[PDB]
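# Descriptive structure summary
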Amino acid sequence: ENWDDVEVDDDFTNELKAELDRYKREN
Amino acid sequence: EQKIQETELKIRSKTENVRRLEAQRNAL
Amino acid sequence: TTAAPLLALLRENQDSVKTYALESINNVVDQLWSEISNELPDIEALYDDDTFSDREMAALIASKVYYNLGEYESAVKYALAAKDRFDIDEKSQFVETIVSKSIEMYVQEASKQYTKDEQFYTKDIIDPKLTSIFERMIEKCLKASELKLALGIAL
Amino acid sequence: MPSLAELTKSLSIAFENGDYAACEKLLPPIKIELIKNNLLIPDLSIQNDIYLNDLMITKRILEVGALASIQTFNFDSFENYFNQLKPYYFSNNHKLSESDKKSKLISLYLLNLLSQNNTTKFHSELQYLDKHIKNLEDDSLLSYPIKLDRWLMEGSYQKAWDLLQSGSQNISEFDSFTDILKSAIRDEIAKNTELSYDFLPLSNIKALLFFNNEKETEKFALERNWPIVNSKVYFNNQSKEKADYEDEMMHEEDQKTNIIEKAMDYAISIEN
Amino acid sequence: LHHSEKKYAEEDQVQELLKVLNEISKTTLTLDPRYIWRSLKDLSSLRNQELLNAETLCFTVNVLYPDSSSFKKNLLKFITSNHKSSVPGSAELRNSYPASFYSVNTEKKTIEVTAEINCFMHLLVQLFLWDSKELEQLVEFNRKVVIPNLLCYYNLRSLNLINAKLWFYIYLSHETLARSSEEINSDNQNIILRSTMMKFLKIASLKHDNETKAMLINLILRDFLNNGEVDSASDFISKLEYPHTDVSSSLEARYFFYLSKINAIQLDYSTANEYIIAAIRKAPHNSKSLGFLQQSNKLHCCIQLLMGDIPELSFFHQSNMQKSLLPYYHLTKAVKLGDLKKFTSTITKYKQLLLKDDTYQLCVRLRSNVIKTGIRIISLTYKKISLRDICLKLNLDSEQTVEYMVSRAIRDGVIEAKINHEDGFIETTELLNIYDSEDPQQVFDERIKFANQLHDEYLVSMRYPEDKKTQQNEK
């Protein structure tokens, strides 16, 4: 396999929890 | 023999237009 | 090696420049024939000039233009304008071909004009330029002492 | 080269004193002397000659005649003298020919193919040279026309137009091609605004085409047949007759009839 | 010891020579000697190593030597030969037989055996030289002799295939000599080599030999790339003298490989994309053809990046050649993502690997393709996008730079959109819905033409290999 089947993203992995944190704080 | 040498290609060219169509005609 | 520097001198007016630039193309042909085909209109323009006396060498090169492209129809016409510039005894790949191509054109034009008149060979109906080159091969077969090709070509 | 017993070497004297128009008058009488000399064109008979009157005098004469046509804005005669000096550079690899005018005339040849808007021969001689790496990078003369065409197809006119106007190298001997090359950007932008832009104000197009006066914008719109309204210009996106070439392919009107005629011809080809 | 060694290899060489000698004597058969010569290159290459060099010495002694007496001594002088008493006149395999080249009729000059013997003699010379890798004076000595010999012979239908494989070694030995050492004589020697190729190609046009012109065009198109003359290659391919009928599949793949490199600088990738694909299908997958498939696949990946469209990435990882495809993997990633600093750092470290194949110069023009592809990607995302938001994603300079790049690609029909300055966004003019137009009908016509073409090509060779079954007596 190739394209995004291997490299995928390699970003915003552990930062997904920060999205819910900034929503419950800055609110 | 400039004209004869240029027509030497028709030796095997016309042969393919006979022997090939002969088997297709005989089988038909 | 490009044909641009040798063909760029033909656009000026001089006696020595037009001669030197034309003789340089006759020496190197098989290398430079790529760019000569695009400059062919400039080469054929000097053939119609009456004050230009080198047309025998110019038409000899212009005959090689279509000769290198595979068209033998126009290669025979411009080759006959060379006159003494075209050597029969050279026996090169260009000489042994165009002369042989003129024999094929002599047979095709004779049979089509034979029905109208049988005297066409004596009169001016047939191209006399093709007749002169046709008789040169006749004397060539006489030196080899062969009566089959001499009497067979006239049939 | 000082001239003593002949006027052939006197061409370099008149080159440093100016008046490039008179330098072209001395070219015909000098080239006649090169006809009687068989050393004008190199051949296999010449082994090594580092002295004059073989390959040395032929280079200096062609460099003066090539730069003389630059002042007179004649690009047809420039190609005649340049194509003669091109084989004098190298046949394949020649390391003994180096001069300040060597890389200068080669850069002028790249500007001539771009002035006539030809990308065929312009993309050829770039990769094929004596040195296609070191000379096209460290040297600013040969790399100047490279950045012009590379940024032209890239679509950035901000840093590309600066080299054609405020550039350092285009001032003295390279200013001849500026009157054309600079007119190529305004022609491409004019054709770009005819499609993606229905109408745009006249204040923006003055800065887009780099005009210092509004009279040039109105005069340029008349040549391209642009209707002018108040503080704006309109583009009707009017095309020419049919398109391109190659008849019966996206060219002549009523192309759906030929498609039906061609489709009915496949059944006959099967029986054949 | 050394006596029985020369008799074994020479008998195997004469056995293969007598097979092609009787085939060309009766009428004209050019098919059978050609199939034997294909395996002759492989059988002779392995045989030259065994029994040393002494197999070719007695072969020259056996047959009469027109030119070949002094040529073998020059080949044996460079190796500092020790005398084994190999002087001609010892071993005699003729002994007055008709298939043995009867000597009395040969010495009396009443018959001419030189035609088949001399043309075949030069073939075994270049085979032993390519095995030992001999250069300098030995290379120039052969080029000077062979040219007048080919001009003296009339080059009949059977004679055109003898030297057809000799021209390949003429150009190969000349290029290996230039790359080994550079001198002033290497440039003047190539001038005569260019004139020799054109004189023999023009003569072969009258004979209409399929394999002869196939080997020449492959060598001539490559010579224009090294000498750097495009105008010579443009007019050369316009004649279309290359026959597609009897030429081998290996010779066809080399032909389409040059057309992709020529059209690469002409800014037409429509025809060049088909030539690089067809060259892969015509090239064998065996080990000896791996050298051609390695260079051909490196060009295909570069052409797609020059077309503004990202190719299929599955070719890199699924293939086993990806070790050499690593530099091209980061080039597609830089153009697709549109990162400006990633593309500049990729070509800097891999410049050494891209210098050998001369593909680094094409990577310089990929700098424009990085932005042009990124604009096409962001345009296909949203139909209406702000002008300032484009410079934020690609980290551009200002709004005046992106304004020109969007309107530049629409000239060739790439973006297919319009820029609204008063509105403030760039609207895409592509509504799709081509099902109501006639555009797909034009493509459907060319697809059926490929079907009827293969049906006629299926009729080209069908009964032909079976034509000899009826005339030959069966059981």
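Residues numbered from 1 in each chain as written, not as in the entry; some residues may be left out. Chains lettered and ligands numbered in written order. Part of a larger assembly, values for the part shown. Heavy atoms only, no water.

### Observations concerning the interface of chain B and chain E
If you look at the interface, chain B gives 11 residues, while chain E gives 15 residues. The contact between chain B and chain E buries some 1,100 Å² in all, and 46% of this surface belongs to carbon and sulfur atoms. Among the residues chain B hides against chain E, the three largest losses belong to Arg12(B), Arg19(B) and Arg20(B). Together they make up 50% of the total. Run the count over chain B and chain E and you get 0 salt bridges. Here chain B is connected to chain E by 2 residue pairs in polar contact. Taken together, the residues of the side of chain B that touches chain E sort by class into 2 nonpolar, 3 polar and 6 charged. (Contact = heavy atoms within 4.5 Å. Buried area = accessible area lost by both parts, 1.4 Å probe. Salt bridge = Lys/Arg side-chain N within 4 Å of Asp/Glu carboxyl O. Polar contact = N/O pair within 3.5 Å; in protein donor to acceptor, adjacent residues only side chain to side chain. Nonpolar A, V, L, I, M, F, W, Y, C, P; charged D, E, K, R; others polar.)

### Description of unusual backbone geometry
A positive phi angle, close to 55 degrees, is found at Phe12(A), a residue other than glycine. Along the polypeptide, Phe12(A) turns up in the segment before α1 (16–25). Positive phi, normally seen in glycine, also occurs at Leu51(E), with a value near 60 degrees. Residue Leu51(E) is classed as partly exposed on the basis of its relative accessible area of 27%. (Helix = DSSP H or I, 4+ residues; strand = E, 2+ residues; numbered from the N terminus. Buried < 20%, exposed > 50% of the residue type's maximum accessible area, 1.4 Å probe, protein only.)

### Notes on the nonpolar core
Across soluble globular proteins, nonpolar side chains have a tendency to be buried as a group. Counting 98 residues, the largest nonpolar core has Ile36(C), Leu105(D) and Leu108(D) as its most contacted members. Of all the elements, helix α6 (residues 102–115) of chain D adds the most residues to this core, at 8 residues. When sequence neighbours within four positions are dropped, the list of residues in contact with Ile36(C) reads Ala3(C), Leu7(C), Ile25(C), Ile43(C) and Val65(C). Grouped together as the second largest cluster of nonpolar side chains are 58 residues, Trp167(E), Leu201(E), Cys301(E) and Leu325(E) included. (Core = buried A, V, L, I, M, F, W, Y, C linked by side-chain atoms within 4.5 Å.)

### Comments concerning the environment of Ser103(D)
All names here are of chain D. Turning to its location among the elements, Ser 103 is positioned in helix α6. Judged by its relative accessible area of 15%, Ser 103 falls in the buried class. In this structure, the C-alpha to C-alpha distance between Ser 103 and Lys 232, residues 129 residues apart in sequence, is 46 Å. If sequence neighbours within four positions are ignored, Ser 103 has contacts with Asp 139, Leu 141 and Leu 142. For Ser 103, the side chain forms a polar contact with the side chain of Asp 139, separated by 3.4 Å.

### Some points on the sheet that holds strand β1 (residues 199–201) of chain D
Residue and element names in this part refer to chain D. If you walk across this open sheet you meet the 3 strands as β1-β3-β2, and the pairing is antiparallel. Of all the strands in the sheet, just β1 and β2 (228–229) have a single pairing partner and so form its edges. Sheet topology note: the β2/strand β3 (residues 232–234) ladder contains 2 bridges and is antiparallel. In the strand pairing of β3, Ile 228 is matched with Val 233. (Pairing = 2+ DSSP bridges.)

### Some words on the arrangement of the chains
Contacts are most numerous between chains D and E, considering all 6 pairs of chains that are in contact. With no contact between them, chain A and chain D keep their nearest C-alpha atoms 27 Å apart. When C-alpha atoms are compared, chain B and chain D, though not in contact, are closest at a spacing of 13 Å.

### Regarding the packing of α6(D) against helix α7 (residues 144–154) of chain D
Residue and element names in this part refer to chain D. The interhelical angle for the contact between α6 and α7, taken along N-to-C directions, is 25 degrees, at an axis separation of 9 Å. With respect to α7, the axis of α6 lies roughly parallel. Contact residues: α6 offers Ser 107, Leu 110, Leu 111 and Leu 114, while α7 offers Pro 145, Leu 148, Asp 149 and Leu 152. Counted by class, the contact of α6 with α7 contains 6 nonpolar, 1 polar and 1 charged residues. (Axes fitted to C-alpha atoms, helices over the stretch in contact; angles between N-to-C directions. Parallel < 35°, antiparallel > 145°, perpendicular 65-115°, else oblique.)

### Digging into the interface of chain D and chain E
Residue-level contacts link 41 residues of chain D with 43 residues of chain E. Approximately 4,400 Å² of surface area, both sides summed, lies buried where chain D meets chain E, with 52% of it carried by carbon and sulfur atoms. On the surface where chain D and chain E come into contact, there are 3 salt bridges. Here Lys121(D) and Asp231(E) are joined by a salt bridge, their closest N and O atoms 4.0 Å apart. Where chain D meets chain E, there are 12 residue pairs in polar contact. Counting residues per element, the ones that place at least two in the side of chain D that touches chain E are α7, α8 (158–165), α9 (178–192), β1, α10 (202–208), α12 (255–263) and α13 (266–271) of chain D. Tallied by class, residues from the side of chain D that touches chain E come to 18 nonpolar, 15 polar and 8 charged.

### A closer look at the sheet that holds strand β1 (residues 384–386) of chain E
By definition, the strands of a sheet pair up through backbone hydrogen bonds, in either a parallel or an antiparallel sense. All names here are of chain E. As summarised here, the arrangement of the 3 strands in space is β1-β3-β2, forming an open sheet in which the pairing is antiparallel. The sheet is open, and its two borders are formed by β1 and β2 (417–419), each paired with just one other strand. Taking the axes of each pair of neighbouring strands and ignoring which way they run, one obtains an average angle of 20 degrees across the sheet. In this sheet, strand β3 (residues 425–428) lies alongside β2 in antiparallel orientation, the contact comprising 3 bridges. The residue of β3 that forms the bridge with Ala 417 is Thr 428.

### A closer look at helix α3 (residues 55–62) of chain E
The α-helix winds at 3.6 residues per turn, so residues separated by three or four positions along the chain end up facing the same way. Residue and element names in this part refer to chain E. Counting buried positions along α3 yields 7 of 8 residues, so the element is predominantly enclosed. Taken together, the buried positions of α3 are occupied by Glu 55, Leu 57, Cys 58, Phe 59, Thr 60, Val 61 and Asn 62. Elements that come into contact with the buried residues of α3 comprise α1 (2–25), α2 (31–49), α4 (69–77) and α6 (114–132).

### Side note on a negative patch on the surface
Residues and elements named next belong to chain A. On the surface, a cluster of negative charge is made up of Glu 1, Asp 4, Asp 5, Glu 7, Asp 9, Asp 10, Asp 11 and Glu 15. Tracing the backbone through its elements, the reader meets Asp 5 in the segment before α1. When its relative accessible area of 44% is taken as the criterion, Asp 5 is described as partly exposed. (Patch = residues over 30% accessible without salt bridge, like charges linked within 9 Å, V, L, I, M, F, W, Y side chains within 5 Å. Areas by Shrake-Rupley, 256 points an atom, 1.4 Å probe, with all protein chains shown as cover. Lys, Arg positive; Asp, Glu negative; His and termini not counted. Charge placed at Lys NZ, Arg CZ, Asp CG, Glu CD.)

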